[PDB]
Amino acid sequence: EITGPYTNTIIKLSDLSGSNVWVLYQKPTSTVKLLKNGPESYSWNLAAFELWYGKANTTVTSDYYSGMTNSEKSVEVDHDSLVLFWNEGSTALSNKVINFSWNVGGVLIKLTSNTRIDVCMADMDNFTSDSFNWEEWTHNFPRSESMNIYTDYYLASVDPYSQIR
């Protein structure tokens with residue numbers, strides 16, 4: 001059901017023949033970059049997103065958006081969190097903080113079409129929602145060949161909620 005651990009820095013999302021793909025991570029002890037989808041350096045025209053783990057009472061700052069005057073490159077986090085920096089369409093830069101109470105956790109990548117994907121994130125607690133839903137938060141991005149991973153990770157093509165929680 002859940003496969004891994006993997007030590008690659010490049011996932012291939014082209015040949016994947018399924019609706020959904022989870023990219024899971026064991027809760028790190030310190031703030032660290034998890035994955036990233038976009039060009040090498042910041043390009044304003046192209047859409048992108050960069051995911052971090054944020055340790056409780058730290059300041060998560062983006063590397064990809066390091067040289068921007070926008071203020072959403074840096075975020076302070078109270079709880080242990082996932083922090084997704086992203087830009088798409090008219091949005092020059094934005095972030096989305098989400099709780100990470102579980103030991104294992106990650107983000108859902110919905111393969112909606114051959115041209116587009118949806119990055120689905122949910123507040124990983126046993127107390128937040130009455131009904132857990134991976135597509136609590138969502139945003140639509142263009143679909144690309146590959147994605148960069150920067151830590152050890154696990155993959156799943158089936159809903160791992162049962163095992164993770």
# chains A, B, ... in the order shown; residues from 1 in each chain; ligands from 1
>>> closest_atom_pairs(of="stretch 5-82 of chain A", to="stretch 101-112 of chain A", cutoff="6 Å", atoms="only C-alpha atoms", output="CSV")
residue,atom,partner,partner_atom,distance
A:19,CA,A:111,CA,5.2
A:20,CA,A:110,CA,4.7
A:21,CA,A:109,CA,5.0
A:22,CA,A:108,CA,4.4
A:23,CA,A:106,CA,5.4
A:24,CA,A:106,CA,4.1
A:25,CA,A:105,CA,5.3
A:26,CA,A:104,CA,4.5
A:27,CA,A:103,CA,5.3
>>> write_last_selection(atoms="N, CA and C atoms", output="JSON list (two decimals), in the first residue's frame")
[["chain", "number", "residue", "atom", "x", "y", "z"],
["A", 19, "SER", "N", -5.22, 7.94, -10.50],
["A", 19, "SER", "CA", -5.87, 9.22, -10.25],
["A", 19, "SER", "C", -5.10, 10.03, -9.20],
["A", 20, "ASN", "N", -4.56, 9.34, -8.19],
["A", 20, "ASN", "CA", -4.02, 9.99, -7.01],
["A", 20, "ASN", "C", -2.61, 9.48, -6.71],
["A", 21, "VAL", "N", -1.78, 10.36, -6.15],
["A", 21, "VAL", "CA", -0.42, 10.04, -5.73],
["A", 21, "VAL", "C", -0.13, 10.80, -4.44],
["A", 22, "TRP", "N", 0.21, 10.06, -3.37],
["A", 22, "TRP", "CA", 0.62, 10.66, -2.11],
["A", 22, "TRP", "C", 2.14, 10.65, -2.02],
["A", 23, "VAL", "N", 2.70, 11.73, -1.45],
["A", 23, "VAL", "CA", 4.13, 11.86, -1.22],
["A", 23, "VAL", "C", 4.35, 12.07, 0.27],
["A", 24, "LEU", "N", 4.67, 10.98, 0.98],
["A", 24, "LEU", "CA", 4.69, 10.97, 2.43],
["A", 24, "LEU", "C", 6.10, 11.18, 2.96],
["A", 25, "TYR", "N", 6.17, 11.61, 4.23],
["A", 25, "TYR", "CA", 7.42, 11.95, 4.90],
["A", 25, "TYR", "C", 7.30, 11.61, 6.38],
["A", 26, "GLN", "N", 8.36, 11.03, 6.95],
["A", 26, "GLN", "CA", 8.44, 10.86, 8.39],
["A", 26, "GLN", "C", 8.82, 12.19, 9.02],
["A", 27, "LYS", "N", 8.11, 12.55, 10.10],
["A", 27, "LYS", "CA", 8.22, 13.85, 10.73],
["A", 27, "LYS", "C", 9.67, 14.13, 11.09]]
>>> residues_around(residues="residue A:11", least_positions_apart="2", cutoff="8 Å", atoms="only C-alpha atoms", output="MDAnalysis selection string")
chainID A and resid 8:9 13 146:149
>>> select_by_dssp(residues="chain A", states="alpha helix (DSSP H)", output="ChimeraX atom specification")
/A:161-164
>>> write_last_selection(atoms="N, CA and C atoms", output="PDB file, in the first residue's frame")
ATOM      1  N   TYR A 161      -4.479   7.006   4.716  1.00  0.00           N
ATOM      2  CA  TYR A 161      -4.972   7.644   5.929  1.00  0.00           C
ATOM      3  C   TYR A 161      -4.959   6.674   7.109  1.00  0.00           C
ATOM      4  N   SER A 162      -5.441   5.447   6.875  1.00  0.00           N
ATOM      5  CA  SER A 162      -5.587   4.446   7.920  1.00  0.00           C
ATOM      6  C   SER A 162      -4.242   4.146   8.579  1.00  0.00           C
ATOM      7  N   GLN A 163      -3.205   3.966   7.753  1.00  0.00           N
ATOM      8  CA  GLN A 163      -1.889   3.567   8.225  1.00  0.00           C
ATOM      9  C   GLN A 163      -1.159   4.756   8.846  1.00  0.00           C
ATOM     10  N   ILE A 164      -1.328   5.944   8.252  1.00  0.00           N
ATOM     11  CA  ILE A 164      -0.623   7.136   8.698  1.00  0.00           C
ATOM     12  C   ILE A 164      -1.109   7.536  10.090  1.00  0.00           C
TER      13      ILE A 164
END
>>> residues_around(residues="residue A:14", least_positions_apart="5", cutoff="9 Å", atoms="only C-alpha atoms", output="NGL selection string")
:A and (114 or 143-146)
>>> write_last_selection(atoms="C-alpha atoms", output="PDB file, in the first residue's frame")
ATOM      1  CA  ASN A 114      -2.528  15.113 -18.640  1.00  0.00           C
ATOM      2  CA  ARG A 143       1.338  19.188 -15.048  1.00  0.00           C
ATOM      3  CA  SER A 144       5.056  18.549 -15.592  1.00  0.00           C
ATOM      4  CA  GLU A 145       7.348  15.556 -16.163  1.00  0.00           C
ATOM      5  CA  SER A 146       9.132  15.428 -12.815  1.00  0.00           C
TER       6      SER A 146
END
>>> residues_around(residues="residue A:138", least_positions_apart="5", cutoff="7 Å", atoms="only C-alpha atoms", output="PyMOL selection string")
chain A and resi 118-121
>>> write_last_selection(atoms="N, CA, C and O atoms", output="compact mmCIF listing (two decimals), in the first residue's frame")
# COMPACT_ATOMS: atom_id res chain seq x y z
N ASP A 118 -3.51 18.81 -9.26
CA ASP A 118 -4.01 19.55 -8.11
C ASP A 118 -3.25 19.10 -6.86
O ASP A 118 -3.25 17.91 -6.53
N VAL A 119 -2.59 20.06 -6.19
CA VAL A 119 -1.88 19.80 -4.95
C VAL A 119 -2.88 19.89 -3.81
O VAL A 119 -3.32 20.98 -3.46
N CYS A 120 -3.22 18.73 -3.22
CA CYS A 120 -4.22 18.65 -2.18
C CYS A 120 -3.54 18.49 -0.82
O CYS A 120 -2.71 17.60 -0.64
N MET A 121 -3.90 19.36 0.13
CA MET A 121 -3.32 19.36 1.46
C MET A 121 -4.44 19.37 2.49
O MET A 121 -5.49 19.97 2.27
>>> atom_distance(atom1="atom CA of residue A:44", atom2="atom CA of residue A:96")
19.1 Å
>>> residues_around(residues="residue A:98", least_positions_apart="6", cutoff="6 Å", atoms="only C-alpha atoms", output="PyMOL selection string")
chain A and resi 81-82+123
>>> closest_residue(among="A:28, A:4, A:89, A:160", to="residue A:48", atoms="only C-alpha atoms")
A:89
>>> residues_around(residues="residue A:78", least_positions_apart="6", cutoff="12 Å", atoms="only C-alpha atoms", output="list in words")
residues 54, 55, 56, 57, 58, 59, 60, 97, 98, 99 and 100 of chain A
>>> atom_distance(atom1="atom CA of residue A:165", atom2="atom CA of residue A:86")
26.7 Å
>>> select_by_dssp(residues="stretch 80-142 of chain A", states="strand (DSSP E)", output="PyMOL selection string")
chain A and resi 81-88+91-99+104-110+116-121+137-142
>>> closest_atom_pairs(of="stretch 55-117 of chain A", to="stretch 32-42 of chain A", cutoff="9 Å", atoms="only C-alpha atoms", output="Markdown table")
| residue | atom | partner | partner_atom | distance |
| --- | --- | --- | --- | --- |
| A:55 | CA | A:32 | CA | 8.7 |
| A:60 | CA | A:32 | CA | 8.5 |
| A:62 | CA | A:33 | CA | 8.5 |
| A:63 | CA | A:33 | CA | 8.7 |
| A:64 | CA | A:42 | CA | 6.0 |
| A:65 | CA | A:42 | CA | 6.5 |
| A:66 | CA | A:42 | CA | 8.8 |
| A:67 | CA | A:42 | CA | 8.4 |
>>> closest_residue(among="A:151, A:157, A:126, A:91", to="residue A:139", atoms="only C-alpha atoms")
A:91
>>> closest_residue(among="A:135, A:72, A:152, A:88", to="residue A:43", atoms="only C-alpha atoms")
A:88
>>> closest_residue(among="A:68, A:15, A:156, A:79", to="residue A:124", atoms="only C-alpha atoms")
A:79
>>> atom_distance(atom1="atom CA of residue A:5", atom2="atom CA of residue A:31")
19.7 Å
>>> decode(residues="stretch 137-160 of chain A", atoms="N, CA, C and O atoms", output="short mmCIF file (atom, residue, chain, number, x, y, z; two decimals), in the first residue's frame")
data_model
loop_
_atom_site.label_atom_id
_atom_site.label_comp_id
_atom_site.auth_asym_id
_atom_site.auth_seq_id
_atom_site.Cartn_x
_atom_site.Cartn_y
_atom_site.Cartn_z
N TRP A 137 -7.81 21.59 1.48
CA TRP A 137 -7.22 22.65 0.68
C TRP A 137 -6.73 22.07 -0.64
O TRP A 137 -6.27 20.93 -0.68
N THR A 138 -6.84 22.86 -1.71
CA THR A 138 -6.45 22.44 -3.04
C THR A 138 -6.06 23.67 -3.86
O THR A 138 -6.57 24.76 -3.62
N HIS A 139 -5.15 23.47 -4.82
CA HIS A 139 -4.88 24.48 -5.83
C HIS A 139 -4.38 23.80 -7.11
O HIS A 139 -3.66 22.80 -7.05
N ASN A 140 -4.78 24.37 -8.25
CA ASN A 140 -4.58 23.76 -9.56
C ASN A 140 -3.29 24.30 -10.17
O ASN A 140 -3.12 25.51 -10.26
N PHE A 141 -2.40 23.39 -10.60
CA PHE A 141 -1.16 23.77 -11.24
C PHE A 141 -1.03 23.05 -12.59
O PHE A 141 -1.72 22.06 -12.83
N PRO A 142 -0.15 23.53 -13.51
CA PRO A 142 0.15 22.80 -14.74
C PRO A 142 0.95 21.53 -14.45
O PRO A 142 1.77 21.50 -13.54
N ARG A 143 0.70 20.48 -15.25
CA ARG A 143 1.34 19.19 -15.05
C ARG A 143 2.69 19.17 -15.76
O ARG A 143 2.80 19.64 -16.89
N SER A 144 3.70 18.61 -15.08
CA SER A 144 5.06 18.55 -15.59
C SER A 144 5.57 17.11 -15.50
O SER A 144 4.92 16.25 -14.92
N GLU A 145 6.75 16.88 -16.09
CA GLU A 145 7.35 15.56 -16.16
C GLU A 145 7.72 15.05 -14.77
O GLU A 145 7.34 13.95 -14.39
N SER A 146 8.46 15.88 -14.02
CA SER A 146 9.13 15.43 -12.81
C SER A 146 8.94 16.42 -11.67
O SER A 146 8.46 17.53 -11.87
N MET A 147 9.34 15.98 -10.47
CA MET A 147 9.36 16.81 -9.28
C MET A 147 10.61 16.48 -8.47
O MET A 147 11.06 15.34 -8.47
N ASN A 148 11.14 17.49 -7.76
CA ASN A 148 12.35 17.33 -6.98
C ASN A 148 11.99 17.02 -5.52
O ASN A 148 11.15 17.71 -4.94
N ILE A 149 12.63 15.99 -4.96
CA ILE A 149 12.51 15.66 -3.54
C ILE A 149 13.89 15.83 -2.91
O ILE A 149 14.90 15.57 -3.56
N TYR A 150 13.92 16.26 -1.64
CA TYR A 150 15.17 16.62 -0.99
C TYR A 150 15.36 15.88 0.33
O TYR A 150 16.36 16.10 1.02
N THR A 151 14.42 14.99 0.69
CA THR A 151 14.56 14.13 1.85
C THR A 151 14.07 12.73 1.49
O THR A 151 13.57 12.51 0.39
N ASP A 152 14.23 11.79 2.43
CA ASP A 152 13.73 10.43 2.26
C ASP A 152 12.20 10.46 2.37
O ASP A 152 11.66 11.15 3.23
N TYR A 153 11.53 9.70 1.50
CA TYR A 153 10.09 9.78 1.35
C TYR A 153 9.50 8.41 1.05
O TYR A 153 10.21 7.48 0.67
N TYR A 154 8.17 8.30 1.24
CA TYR A 154 7.41 7.12 0.89
C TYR A 154 6.31 7.52 -0.09
O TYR A 154 5.82 8.65 -0.04
N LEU A 155 5.92 6.59 -0.97
CA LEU A 155 4.90 6.84 -1.97
C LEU A 155 3.73 5.87 -1.77
O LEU A 155 3.90 4.79 -1.20
N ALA A 156 2.55 6.29 -2.24
CA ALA A 156 1.35 5.48 -2.19
C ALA A 156 0.39 5.93 -3.28
O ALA A 156 0.24 7.13 -3.52
N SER A 157 -0.25 4.96 -3.95
CA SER A 157 -1.25 5.23 -4.97
C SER A 157 -2.66 4.99 -4.42
O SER A 157 -3.64 5.18 -5.14
N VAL A 158 -2.74 4.57 -3.15
CA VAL A 158 -4.01 4.33 -2.48
C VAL A 158 -4.02 5.13 -1.18
O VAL A 158 -2.96 5.37 -0.60
N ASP A 159 -5.22 5.54 -0.75
CA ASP A 159 -5.38 6.41 0.41
C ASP A 159 -4.72 5.78 1.63
O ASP A 159 -5.19 4.76 2.13
N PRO A 160 -3.61 6.37 2.15
CA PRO A 160 -2.89 5.81 3.30
C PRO A 160 -3.34 6.30 4.67
O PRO A 160 -2.67 6.03 5.67
#
